[PDB]
Amino acid sequence: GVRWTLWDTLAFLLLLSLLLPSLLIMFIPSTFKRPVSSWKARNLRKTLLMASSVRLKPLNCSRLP
Amino acid sequence: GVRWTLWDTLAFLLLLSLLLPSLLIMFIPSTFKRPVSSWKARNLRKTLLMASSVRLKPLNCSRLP
Amino acid sequence: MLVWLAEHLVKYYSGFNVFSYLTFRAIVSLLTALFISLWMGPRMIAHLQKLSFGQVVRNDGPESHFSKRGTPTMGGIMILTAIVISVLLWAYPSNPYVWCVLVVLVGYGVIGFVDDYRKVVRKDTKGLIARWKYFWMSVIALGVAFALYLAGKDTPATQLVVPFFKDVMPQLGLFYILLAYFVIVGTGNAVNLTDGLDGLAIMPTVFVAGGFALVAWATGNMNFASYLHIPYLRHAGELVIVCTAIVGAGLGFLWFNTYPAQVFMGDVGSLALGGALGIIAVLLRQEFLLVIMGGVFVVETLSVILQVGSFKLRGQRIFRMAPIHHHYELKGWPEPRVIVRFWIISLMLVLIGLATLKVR
Amino acid sequence: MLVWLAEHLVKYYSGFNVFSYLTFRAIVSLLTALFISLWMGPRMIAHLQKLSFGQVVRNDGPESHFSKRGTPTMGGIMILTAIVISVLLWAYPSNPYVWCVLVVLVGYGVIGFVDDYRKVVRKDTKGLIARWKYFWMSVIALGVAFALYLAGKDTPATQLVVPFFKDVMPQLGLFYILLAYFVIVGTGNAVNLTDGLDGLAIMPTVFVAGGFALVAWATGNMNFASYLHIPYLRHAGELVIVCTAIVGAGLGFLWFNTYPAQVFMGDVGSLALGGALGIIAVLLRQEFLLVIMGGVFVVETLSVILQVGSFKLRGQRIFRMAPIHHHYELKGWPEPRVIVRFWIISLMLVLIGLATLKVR
Amino acid sequence: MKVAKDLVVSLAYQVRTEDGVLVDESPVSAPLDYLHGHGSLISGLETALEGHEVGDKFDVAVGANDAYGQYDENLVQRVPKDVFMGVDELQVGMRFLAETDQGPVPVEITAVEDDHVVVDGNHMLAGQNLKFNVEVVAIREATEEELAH
Amino acid sequence: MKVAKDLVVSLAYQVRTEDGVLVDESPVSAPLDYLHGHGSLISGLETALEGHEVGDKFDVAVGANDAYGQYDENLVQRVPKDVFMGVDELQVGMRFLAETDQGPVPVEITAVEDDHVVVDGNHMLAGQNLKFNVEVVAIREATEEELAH
């Protein structure tokens with residue numbers, strides 16, 4: 001048959017609506033899936049975060065025995 | 001009281017022998033607990049790479065397209 | 001197949017009778033999947049590099065020791081074939097549910113394979129055309145769901161469970177097909193988003209596979225099925241074997257797939273694992289448990305949908321990027337930290353779902 | 001407290017009955033540990049940073065974020081407080097076993113704190129003489145072991161279990177004290193030795209805690225005890241709550257201790273977790289199970305002793321250092337990669353340890 | 001001869017912003033060359049130039065999205081002063097290149113601080129509509145080096 | 001009074017290599033103070049000086065194993081010139097200080113390239129055999145500041 005009680009319909013609709021976002025990704029053009037400009041922003045983030053201000057300073061003298 | 005069969009003492013010794021390394025840090029000299037020759041070199045290798053992670057360079061370009 | 005050969009050799013040596021017990025089969029399947037993945041890894045990565053890039057390469061820092069230049073993006077073959085071999089060796093081949101899971105896994109794996117190959121050799125900007133990819137996904141999912149429904153017509157196999165209510169459990173009839181479509185394809189496409197953070201997709205996948213193994217073990221026994229109040233599917237006894245095989249394959253891939261990944265999983269592995277998880281959640285009446293346990297997948301899909309909805313209606317951005325883990329990445333969290341935080345979240349939700357099924 | 005308060009309040013409201021069941025208590029223990037950890041952080045991060053660096057330093061945007069500089073080393077206080085709070089709230093005070101675990105954990109955390117505090121507030125490393133730590137560790141361990149021995153003798157409570165075989169099982173006398181001492185102190189040492197990498201030690205601790213939680217659940221029931229042929233220690237039932245709280249605290253800490261860790265575990269957390277694992281493996285007749293499940297710690301310390309003995313006797317070095325993690329760190333594996341390597345190894349070992357109970 | 005893929009298009013054009021301010025011009029005496037069908041040219045301009053004969057004079061209106069991506073608040077972002085190289089002191093309007101996994105990405109300075117600087121990667125015309133008055137001076141086949149670049 | 005743990009040693013030493021070339025010398029008129037029981041110095045000198053009275057003259061042979069350690073090829077690495085400052089043009093033989101998390105370690109330039117340089121972080125005496133002629137001028141207890149340092 002078909003789900004009868006209001007609880008049945010509510011549960012089925014809730015589960016479908018929770019699986020709905022993963023299946024409406026089908027209709028999203030790839031451009032909106034990952035804009036190229038924002039990808040360049042993430043690449044900038046990776047490079048900048050890789051940057052470290054530690055930078056070799058000169059040494060007065062070496063250690064002694 | 002005390003154990004009776006060979007397998008009993010065999011099992012107990014196997015258990016103790018496996019835990020003996022875990023308890024031989026008891027008597028491990030401090031000079032050898034943390035090596036020095038390579039440890040210095042190791043942190044120095046990491047720090048060396050961390051200093052040379054990235055560099056930001058100037059540009060001189062023109063309008064598009 | 002070896003279990004059949006164990007039934008054959010038991011008559012000559014009683015020792016082989018140990019191969020019949022479920023626990024030994026599960027543990028040995030896990031170990032064999034891990035060992036085959038480990039054996040294949042170093043050869044597969046080098047071979048893929050030759051295909052994808054120059055024949056001779058070697059890691060150098062920081063441009064490739066801590067960065068991901070020159071890393072192949074076709075490593076999902078490891079997961080696919082490890083799962084296939086472990087299941088087909090240590091799982092009963094006469095059970096139709098194992099065959100169903102394997103066929104779904106293989107179909108999604110081949111789709112991912114052709115997509116990755118289009119991207120790596122022909123360098124097409126669109127890669128595999130969306131229409132063909134999705135058409136094949138849909139044909140596979142709909143055929144499998146139709147076969148399962150025909151098998152389970154007017155039979156508890158077509159019922160729907162609810163995490164916190166026991167008495168509500170309708171018979172979906174033809175809507176079983178729609179539900180199978182939604183869970184299989186949705187999780188197949190949701191695991192695709194999760195691949196973009198250097199192992200964010202191998203887990204939850206592993207923890208979810210373990211939870212599904214436990215559920216199938218409980219589901220496959222009359223006493224446990226009655227105590228937990230789950231529909232009883234006799235063939236669930238072998239679904240646990242496939243779940244342990246998936247755990248083994250995922251851990252074997254994570255062997256080499258940690259920051260910095262020696263190989264990206266790609267579609268060949270992501271689609272394979274997502275389809276496997278969705279199909280497992282179909283044969284086991286555990287769609288809600290997949291939803292709860294796989295919170296990262298559903299959250300990333302909801303995040304992309306919500307970001308495009310914002311772009312359409314408001315024009316603002318709810319999250320800096322469509323995948324929410326990438327939004328955290330932009331916030332400042334480094335990849336090694338976001339990946340493990342999402343692993344924490346996935347494990348927490350897996351335990352929460354297991355407890356919820358415990359209580360119902 | 002809450003368990004007793006709920007028991008008293010049942011008649012006022014019947015909804016309090018839910019708090020009595022074991023599964024719910026364990027689940028809320030895990031959730032409460034995680035909540036306490038995520039609530040102390042990041043507030044505790046800033047408070048402790050002011051102590052160690054004299055000021056709450058910032059990442060200063062995309063500045064160096066993957067260095068040991070700028071990270072406090074007092075992270076274990078969160079673990080200690082979370083475990084204590086969760087146990088006190090969701091465990092029965094009456095059982096002496098929970099009190100033994102709690103006293104061991106608190107004592108070991110204090111011994112680690114007296115070392116770490118002097119490490120910070122003093123420039124040179126010898127602020128605390130290791131002998132103080134070492135002696136008080138031994139004293140608390142011996143006291144607990146002697147108390148457990150006297151609590152029961154000639155009874156299953158003092159019977160070590162052989163992991164694979166079941167017929168071979170001795171009844172221990174005063175040697176039980178030596179076994180408990182060895183297990184607890186070695187586990188504490190190894191967990192302390194494993195904290196060299198921020199995320200290396202906590203996750204294996206979580207895995208062993210979960211394994212011991214499952215074993216205690218099996219240990220605390222006559223039916224399950226006679227099914228698995230493991231001694232039935234009645235007081236061991238509440239140890240499930242302690243193990244689940246440990247798992248939750250470890251997850252909450254690793255939420256912040258992941259590479260690049262915002263704070264290091266330090267002596268406090270490492271010693272406390274090691275002592276908790278040791279006392280759990282002593283109360284449960286599962287010392288060999290601690291060796292198998294916690295194989296990462298044992299192998300690390302074995303490598304340490306092997307390297308030092310090789311230096312002492314011969315000129316060749318078997319490893320590049322005493323620990324394995326550094327040895328692979330120079331083999332070409334970066335820090336987060338090797339952290340996940342050890343995580344996978346620990347997961348496989350804990351699964352094998354859970355499996356070996358069924359071969360009895 | 002008409003524009004086709006793999007062919008170099010010498011471009012002489014006069015471009016005005018959305019507000020109507022000239023940015024600059026490309027004289028017919030020295031047209032600028034650009035590949036076709038590779039994405040180097042602006043998407044709207046590249047589509048417009050498809051199939052046009054040599055010497056065709058036309059005006060094409062390209063929106064902000066069509067020309068480039070909309071203004072991104074993620075692209076603009078901070079960075080310490082220490083990271084920079086090749087410049088002793090940062091002034092607003094400077095341009096720098098950050099070499100990245102994905103590829104080269106230009107950036108420009110928009111504000112400065114004593115021990116801090118905020119860096120912007122957005123193009124000057126990223127968030128502005130563009131109108132192009134383009135004339136195709138000549139068309140020729142792309143060289144191997146040009147295709148490689 | 002003899003040498004003991006946590007005692008400062010005023011050292012006047014004459015050290016020579018196995019080849020027979022001097023590297024440094026501390027005269028008796030200005031002994032160099034050092035801590036004891038810490039191991040920061042050469043292990044051989046530290047161990048030999050143990051239990052020696054004040055003013056005693058002795059000679060001890062020091063090997064590579066007894067020294068800071070053997071030579072390791074990982075300490076010599078090519079690194080760009082941007083990772084130096086404080087020099088108008090990176091010169092050959094200059095010494096630099098890597099501010100490692102463990103502590104200060106030296107980095108010395110072995111060669112210079114156009115945009116890069118070759119440096120080595122290993123100690124000068126690493127992998128060498130040495131002979132120490134030493135004399136304990138005086139002995140005193142280490143101060144709190146000295147112990148902290």
# chains A, B, ... in the order shown; residues from 1 in each chain; ligands from 1
$ residues_around --residues "residue 68 of chain E" --least-positions-apart "5" --cutoff "12 Å" --atoms "only C-alpha atoms" --output "list in words"
residues 35, 36, 37 and 38 of chain A; 64 and 65 of chain B; 39, 40, 41, 42, 43, 44, 45, 62, 63, 122, 123, 124, 125, 126, 127, 128, 129 and 130 of chain E
$ write_last_selection --atoms "C-alpha atoms" --output "JSON list (two decimals), in the first residue's frame"
[["chain", "number", "residue", "atom", "x", "y", "z"],
["A", 35, "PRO", "CA", 33.66, 29.88, -8.62],
["A", 36, "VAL", "CA", 37.11, 30.36, -10.11],
["A", 37, "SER", "CA", 37.68, 33.70, -8.36],
["A", 38, "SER", "CA", 37.09, 32.20, -4.91],
["B", 64, "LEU", "CA", 43.64, 43.75, -19.82],
["B", 65, "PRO", "CA", 42.55, 42.10, -22.06],
["E", 39, "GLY", "CA", 40.30, 31.40, -21.93],
["E", 40, "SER", "CA", 43.09, 33.99, -21.93],
["E", 41, "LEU", "CA", 40.70, 36.59, -23.35],
["E", 42, "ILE", "CA", 37.75, 37.82, -21.31],
["E", 43, "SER", "CA", 34.86, 35.36, -21.51],
["E", 44, "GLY", "CA", 32.42, 37.88, -22.97],
["E", 45, "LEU", "CA", 35.00, 39.31, -25.36],
["E", 62, "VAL", "CA", 29.80, 42.66, -21.08],
["E", 63, "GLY", "CA", 28.40, 42.50, -17.57],
["E", 122, "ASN", "CA", 40.56, 41.74, -7.04],
["E", 123, "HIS", "CA", 41.06, 43.21, -10.50],
["E", 124, "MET", "CA", 40.27, 46.89, -11.00],
["E", 125, "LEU", "CA", 37.35, 45.98, -13.31],
["E", 126, "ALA", "CA", 36.23, 42.84, -11.45],
["E", 127, "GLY", "CA", 33.08, 44.43, -10.02],
["E", 128, "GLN", "CA", 32.34, 46.84, -12.88],
["E", 129, "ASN", "CA", 30.53, 46.26, -16.16],
["E", 130, "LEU", "CA", 32.62, 46.78, -19.29]]
$ interface_residues --of "chain A" --to "chain E" --cutoff "9 Å" --atoms "only C-alpha atoms" --output "compact mmCIF listing (two decimals) with N, CA, C and O atoms, in the first residue's frame"
# COMPACT_ATOMS: atom_id res chain seq x y z
N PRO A 35 33.22 28.73 -7.83
CA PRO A 35 33.66 29.88 -8.62
C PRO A 35 35.17 29.96 -8.71
O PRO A 35 35.88 29.69 -7.74
N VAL A 36 35.67 30.33 -9.89
CA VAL A 36 37.11 30.36 -10.11
C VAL A 36 37.76 31.45 -9.26
O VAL A 36 38.86 31.27 -8.73
N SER A 37 37.09 32.60 -9.12
CA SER A 37 37.68 33.70 -8.36
C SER A 37 37.90 33.31 -6.91
O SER A 37 38.95 33.62 -6.33
N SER A 38 36.93 32.63 -6.29
CA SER A 38 37.09 32.20 -4.91
C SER A 38 38.16 31.13 -4.78
O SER A 38 38.85 31.05 -3.75
N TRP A 39 38.32 30.28 -5.80
CA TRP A 39 39.40 29.30 -5.79
C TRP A 39 40.75 29.99 -5.77
O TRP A 39 41.67 29.57 -5.04
N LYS A 40 40.90 31.07 -6.55
CA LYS A 40 42.12 31.87 -6.48
C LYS A 40 42.30 32.47 -5.09
O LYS A 40 43.43 32.60 -4.61
N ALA A 41 41.20 32.84 -4.43
CA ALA A 41 41.29 33.34 -3.06
C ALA A 41 41.82 32.27 -2.12
O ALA A 41 42.65 32.56 -1.24
N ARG A 42 41.36 31.03 -2.27
CA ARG A 42 41.87 29.96 -1.41
C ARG A 42 43.34 29.67 -1.70
O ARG A 42 44.11 29.36 -0.78
N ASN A 43 43.73 29.75 -2.97
CA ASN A 43 45.15 29.58 -3.30
C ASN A 43 45.99 30.68 -2.65
O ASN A 43 47.07 30.41 -2.10
N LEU A 44 45.50 31.92 -2.69
CA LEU A 44 46.16 33.00 -1.97
C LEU A 44 46.25 32.69 -0.48
O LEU A 44 47.28 32.95 0.15
N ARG A 45 45.18 32.16 0.10
CA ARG A 45 45.23 31.80 1.52
C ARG A 45 46.32 30.78 1.78
O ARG A 45 47.07 30.90 2.75
N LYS A 46 46.41 29.76 0.93
CA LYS A 46 47.39 28.71 1.17
C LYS A 46 48.80 29.29 1.12
O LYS A 46 49.62 29.03 2.02
N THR A 47 49.09 30.10 0.10
CA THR A 47 50.43 30.70 0.01
C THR A 47 50.71 31.61 1.20
O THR A 47 51.78 31.53 1.81
N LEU A 48 49.77 32.49 1.54
CA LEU A 48 50.01 33.46 2.61
C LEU A 48 50.19 32.76 3.95
O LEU A 48 51.08 33.12 4.73
N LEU A 49 49.35 31.76 4.24
CA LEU A 49 49.50 31.02 5.49
C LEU A 49 50.81 30.25 5.51
O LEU A 49 51.44 30.12 6.57
N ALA A 51 53.45 31.39 4.36
CA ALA A 51 54.45 32.40 4.66
C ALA A 51 54.72 32.48 6.16
O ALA A 51 53.79 32.52 6.96
N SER A 52 56.00 32.51 6.52
CA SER A 52 56.42 32.63 7.91
C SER A 52 57.44 33.76 8.01
O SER A 52 58.36 33.84 7.19
N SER A 53 57.28 34.61 9.03
CA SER A 53 58.17 35.76 9.19
C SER A 53 59.54 35.38 9.72
O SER A 53 60.45 36.22 9.69
N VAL A 54 59.73 34.14 10.19
CA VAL A 54 61.05 33.72 10.63
C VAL A 54 62.01 33.86 9.46
O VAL A 54 61.75 33.35 8.36
N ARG A 55 63.12 34.56 9.67
CA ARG A 55 63.99 34.88 8.55
C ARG A 55 65.39 34.95 9.15
O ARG A 55 65.60 35.67 10.13
$ interface_residues --of "chain C" --to "chain E" --cutoff "9 Å" --atoms "only C-alpha atoms" --output "ChimeraX atom specification"
/C:63,67-69,320-321,330
$ interface_residues --of "chain B" --to "chain D" --cutoff "10 Å" --atoms "only C-alpha atoms" --output "PyMOL selection string"
chain B and resi 1-12+14-16+18-26+28-30+32-39+42+45-47+50-51+53
$ atom_distance --atom1 "atom CA of residue 122 of chain D" --atom2 "atom CA of residue 192 of chain D"
20.5 Å
$ calpha_fit_rmsd --fixed "chain B" --moving "chain A"
2.5 Å
$ atom_distance --atom1 "atom CA of residue 11 of chain C" --atom2 "atom CA of residue 352 of chain D"
28.7 Å
$ select_by_dssp --residues "chain A" --states "helix (DSSP H, G or I)" --output "VMD selection string"
chain A and resid 6 to 27 30 to 33 36 to 50
$ write_last_selection --atoms "N, CA and C atoms" --output "compact mmCIF listing (two decimals), in the first residue's frame"
# COMPACT_ATOMS: atom_id res chain seq x y z
N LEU A 6 -0.40 10.40 9.36
CA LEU A 6 0.29 11.68 9.22
C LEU A 6 1.74 11.57 9.69
N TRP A 7 2.00 10.74 10.71
CA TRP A 7 3.37 10.51 11.14
C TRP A 7 4.19 9.87 10.02
N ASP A 8 3.60 8.91 9.31
CA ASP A 8 4.31 8.26 8.21
C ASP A 8 4.71 9.28 7.15
N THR A 9 3.75 10.09 6.71
CA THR A 9 4.03 11.09 5.68
C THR A 9 5.05 12.11 6.17
N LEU A 10 4.92 12.54 7.43
CA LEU A 10 5.86 13.52 7.97
C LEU A 10 7.28 12.96 7.99
N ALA A 11 7.43 11.71 8.44
CA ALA A 11 8.76 11.11 8.50
C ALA A 11 9.35 10.95 7.11
N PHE A 12 8.56 10.44 6.16
CA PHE A 12 9.06 10.26 4.81
C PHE A 12 9.45 11.59 4.18
N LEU A 13 8.61 12.62 4.36
CA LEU A 13 8.91 13.92 3.79
C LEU A 13 10.15 14.53 4.43
N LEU A 14 10.31 14.36 5.74
CA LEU A 14 11.49 14.89 6.42
C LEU A 14 12.76 14.22 5.90
N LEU A 15 12.73 12.89 5.76
CA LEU A 15 13.92 12.20 5.26
C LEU A 15 14.21 12.60 3.82
N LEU A 16 13.18 12.72 2.98
CA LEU A 16 13.40 13.14 1.60
C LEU A 16 13.98 14.55 1.54
N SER A 17 13.45 15.46 2.36
CA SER A 17 13.96 16.83 2.39
C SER A 17 15.37 16.90 2.95
N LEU A 18 15.77 15.94 3.79
CA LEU A 18 17.14 15.92 4.28
C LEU A 18 18.09 15.30 3.26
N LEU A 19 17.61 14.36 2.45
CA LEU A 19 18.37 13.89 1.30
C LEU A 19 18.20 14.80 0.09
N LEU A 20 17.27 15.75 0.15
CA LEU A 20 17.03 16.64 -0.98
C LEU A 20 18.24 17.48 -1.35
N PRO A 21 18.96 18.11 -0.41
CA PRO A 21 20.09 18.96 -0.83
C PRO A 21 21.16 18.21 -1.60
N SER A 22 21.42 16.95 -1.24
CA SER A 22 22.44 16.18 -1.94
C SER A 22 22.02 15.80 -3.36
N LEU A 23 20.73 15.91 -3.68
CA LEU A 23 20.24 15.58 -5.01
C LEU A 23 19.83 16.80 -5.82
N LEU A 24 19.73 17.98 -5.20
CA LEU A 24 19.58 19.22 -5.96
C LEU A 24 20.92 19.80 -6.38
N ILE A 25 22.03 19.28 -5.86
CA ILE A 25 23.34 19.62 -6.40
C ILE A 25 23.47 19.20 -7.86
N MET A 26 22.57 18.34 -8.33
CA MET A 26 22.63 17.89 -9.72
C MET A 26 22.38 19.03 -10.69
N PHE A 27 21.55 20.00 -10.31
CA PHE A 27 21.12 21.06 -11.21
C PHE A 27 21.97 22.31 -11.09
N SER A 30 28.55 23.89 -12.90
CA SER A 30 29.86 23.77 -12.26
C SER A 30 30.41 25.13 -11.87
N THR A 31 30.05 26.19 -12.60
CA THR A 31 30.56 27.52 -12.28
C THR A 31 30.13 27.94 -10.88
N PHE A 32 28.85 27.73 -10.54
CA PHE A 32 28.38 28.05 -9.20
C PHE A 32 28.84 27.03 -8.17
N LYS A 33 29.18 25.81 -8.60
CA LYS A 33 29.68 24.81 -7.67
C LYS A 33 30.99 25.26 -7.03
N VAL A 36 35.67 30.33 -9.89
CA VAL A 36 37.11 30.36 -10.11
C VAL A 36 37.76 31.45 -9.26
N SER A 37 37.09 32.60 -9.12
CA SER A 37 37.68 33.70 -8.36
C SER A 37 37.90 33.31 -6.91
N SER A 38 36.93 32.63 -6.29
CA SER A 38 37.09 32.20 -4.91
C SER A 38 38.16 31.13 -4.78
N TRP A 39 38.32 30.28 -5.80
CA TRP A 39 39.40 29.30 -5.79
C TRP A 39 40.75 29.99 -5.77
N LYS A 40 40.90 31.07 -6.55
CA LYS A 40 42.12 31.87 -6.48
C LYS A 40 42.30 32.47 -5.09
N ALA A 41 41.20 32.84 -4.43
CA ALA A 41 41.29 33.34 -3.06
C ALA A 41 41.82 32.27 -2.12
N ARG A 42 41.36 31.03 -2.27
CA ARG A 42 41.87 29.96 -1.41
C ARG A 42 43.34 29.67 -1.70
N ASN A 43 43.73 29.75 -2.97
CA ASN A 43 45.15 29.58 -3.30
C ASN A 43 45.99 30.68 -2.65
N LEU A 44 45.50 31.92 -2.69
CA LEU A 44 46.16 33.00 -1.97
C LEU A 44 46.25 32.69 -0.48
N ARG A 45 45.18 32.16 0.10
CA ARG A 45 45.23 31.80 1.52
C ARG A 45 46.32 30.78 1.78
N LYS A 46 46.41 29.76 0.93
CA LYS A 46 47.39 28.71 1.17
C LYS A 46 48.80 29.29 1.12
N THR A 47 49.09 30.10 0.10
CA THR A 47 50.43 30.70 0.01
C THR A 47 50.71 31.61 1.20
N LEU A 48 49.77 32.49 1.54
CA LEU A 48 50.01 33.46 2.61
C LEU A 48 50.19 32.76 3.95
N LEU A 49 49.35 31.76 4.24
CA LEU A 49 49.50 31.02 5.49
C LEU A 49 50.81 30.25 5.51
N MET A 50 51.25 29.73 4.36
CA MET A 50 52.57 29.11 4.30
C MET A 50 53.67 30.11 4.63
$ closest_atom_pairs --of "chain C" --to "chain D" --cutoff "6 Å" --atoms "only C-alpha atoms" --output "Markdown table"
| residue | atom | partner | partner_atom | distance |
| --- | --- | --- | --- | --- |
| C:258 | CA | D:337 | CA | 5.3 |
| C:259 | CA | D:337 | CA | 5.6 |
| C:337 | CA | D:258 | CA | 5.6 |
| C:341 | CA | D:255 | CA | 5.6 |
$ closest_residue --among "E:86, E:147, E:21, E:4" --to "chain F" --atoms "only C-alpha atoms"
E:86
$ residues_around --residues "residue 243 of chain C" --least-positions-apart "5" --cutoff "10 Å" --atoms "only C-alpha atoms" --output "list in words"
residues 26, 29, 30, 83, 87, 206, 207, 208, 209, 210, 211, 212, 213, 214, 215, 216, 238, 248, 249, 276, 277 and 280 of chain C
$ atom_distance --atom1 "atom CA of residue 325 of chain C" --atom2 "atom CA of residue 204 of chain C"
13.6 Å
$ select_by_dssp --residues "segment 34-100 of chain F" --states "strand (DSSP E or B)" --output "PyMOL selection string"
chain F and resi 34+53+57-62+76-80+95-99
$ write_last_selection --atoms "N, CA, C and O atoms" --output "mmCIF file, in the first residue's frame"
data_model
loop_
_atom_site.group_PDB
_atom_site.id
_atom_site.type_symbol
_atom_site.label_atom_id
_atom_site.label_comp_id
_atom_site.auth_asym_id
_atom_site.auth_seq_id
_atom_site.Cartn_x
_atom_site.Cartn_y
_atom_site.Cartn_z
ATOM 1 N N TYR F 34 82.878 28.144 32.793
ATOM 2 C CA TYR F 34 81.927 27.209 32.211
ATOM 3 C C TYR F 34 81.184 26.488 33.325
ATOM 4 O O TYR F 34 81.688 26.353 34.442
ATOM 5 N N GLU F 53 91.427 18.132 40.610
ATOM 6 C CA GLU F 53 91.729 19.196 41.553
ATOM 7 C C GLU F 53 92.075 20.485 40.809
ATOM 8 O O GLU F 53 92.315 20.499 39.598
ATOM 9 N N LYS F 57 97.333 19.777 35.706
ATOM 10 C CA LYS F 57 97.626 19.835 34.280
ATOM 11 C C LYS F 57 97.546 18.429 33.702
ATOM 12 O O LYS F 57 98.208 17.511 34.198
ATOM 13 N N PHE F 58 96.736 18.264 32.658
ATOM 14 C CA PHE F 58 96.503 16.951 32.076
ATOM 15 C C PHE F 58 96.196 17.102 30.595
ATOM 16 O O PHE F 58 95.807 18.176 30.126
ATOM 17 N N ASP F 59 96.379 16.007 29.860
ATOM 18 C CA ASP F 59 96.079 15.946 28.436
ATOM 19 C C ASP F 59 95.129 14.785 28.184
ATOM 20 O O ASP F 59 95.371 13.670 28.657
ATOM 21 N N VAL F 60 94.055 15.047 27.442
ATOM 22 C CA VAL F 60 93.031 14.053 27.152
ATOM 23 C C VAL F 60 92.746 14.059 25.657
ATOM 24 O O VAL F 60 92.636 15.125 25.040
ATOM 25 N N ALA F 61 92.627 12.868 25.077
ATOM 26 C CA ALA F 61 92.308 12.716 23.664
ATOM 27 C C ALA F 61 90.797 12.642 23.484
ATOM 28 O O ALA F 61 90.117 11.892 24.194
ATOM 29 N N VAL F 62 90.278 13.419 22.537
ATOM 30 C CA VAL F 62 88.847 13.519 22.277
ATOM 31 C C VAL F 62 88.579 13.072 20.846
ATOM 32 O O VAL F 62 89.212 13.567 19.906
ATOM 33 N N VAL F 76 74.197 20.445 5.516
ATOM 34 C CA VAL F 76 74.632 21.289 4.407
ATOM 35 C C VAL F 76 73.509 21.312 3.382
ATOM 36 O O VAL F 76 73.111 20.266 2.856
ATOM 37 N N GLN F 77 72.982 22.503 3.108
ATOM 38 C CA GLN F 77 71.824 22.646 2.240
ATOM 39 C C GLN F 77 71.925 23.960 1.482
ATOM 40 O O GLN F 77 72.356 24.973 2.036
ATOM 41 N N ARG F 78 71.526 23.933 0.213
ATOM 42 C CA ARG F 78 71.391 25.161 -0.554
ATOM 43 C C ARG F 78 70.079 25.848 -0.207
ATOM 44 O O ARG F 78 69.023 25.211 -0.139
ATOM 45 N N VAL F 79 70.153 27.156 0.007
ATOM 46 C CA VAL F 79 68.997 27.947 0.416
ATOM 47 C C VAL F 79 69.070 29.292 -0.300
ATOM 48 O O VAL F 79 70.172 29.827 -0.486
ATOM 49 N N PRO F 80 67.945 29.875 -0.718
ATOM 50 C CA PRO F 80 68.007 31.124 -1.486
ATOM 51 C C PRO F 80 68.723 32.224 -0.717
ATOM 52 O O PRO F 80 69.029 32.093 0.469
ATOM 53 N N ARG F 95 78.520 33.718 8.941
ATOM 54 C CA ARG F 95 77.814 32.844 9.865
ATOM 55 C C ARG F 95 76.463 33.449 10.218
ATOM 56 O O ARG F 95 76.338 34.668 10.371
ATOM 57 N N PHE F 96 75.454 32.590 10.348
ATOM 58 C CA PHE F 96 74.089 33.022 10.603
ATOM 59 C C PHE F 96 73.497 32.159 11.707
ATOM 60 O O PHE F 96 74.013 31.087 12.036
ATOM 61 N N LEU F 97 72.393 32.639 12.278
ATOM 62 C CA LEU F 97 71.797 32.048 13.473
ATOM 63 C C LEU F 97 70.363 31.646 13.164
ATOM 64 O O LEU F 97 69.483 32.506 13.055
ATOM 65 N N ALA F 98 70.128 30.344 13.025
ATOM 66 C CA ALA F 98 68.772 29.826 12.899
ATOM 67 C C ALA F 98 68.117 29.820 14.272
ATOM 68 O O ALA F 98 68.619 29.181 15.204
ATOM 69 N N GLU F 99 66.997 30.527 14.397
ATOM 70 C CA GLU F 99 66.292 30.637 15.673
ATOM 71 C C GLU F 99 65.343 29.451 15.845
ATOM 72 O O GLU F 99 64.120 29.577 15.866
#
$ residues_around --residues "segment 6-11 of chain E" --least-positions-apart "6" --cutoff "9 Å" --atoms "only C-alpha atoms" --output "NGL selection string"
:E and (26-28 or 30-38 or 49 or 134-143 or 146-147)
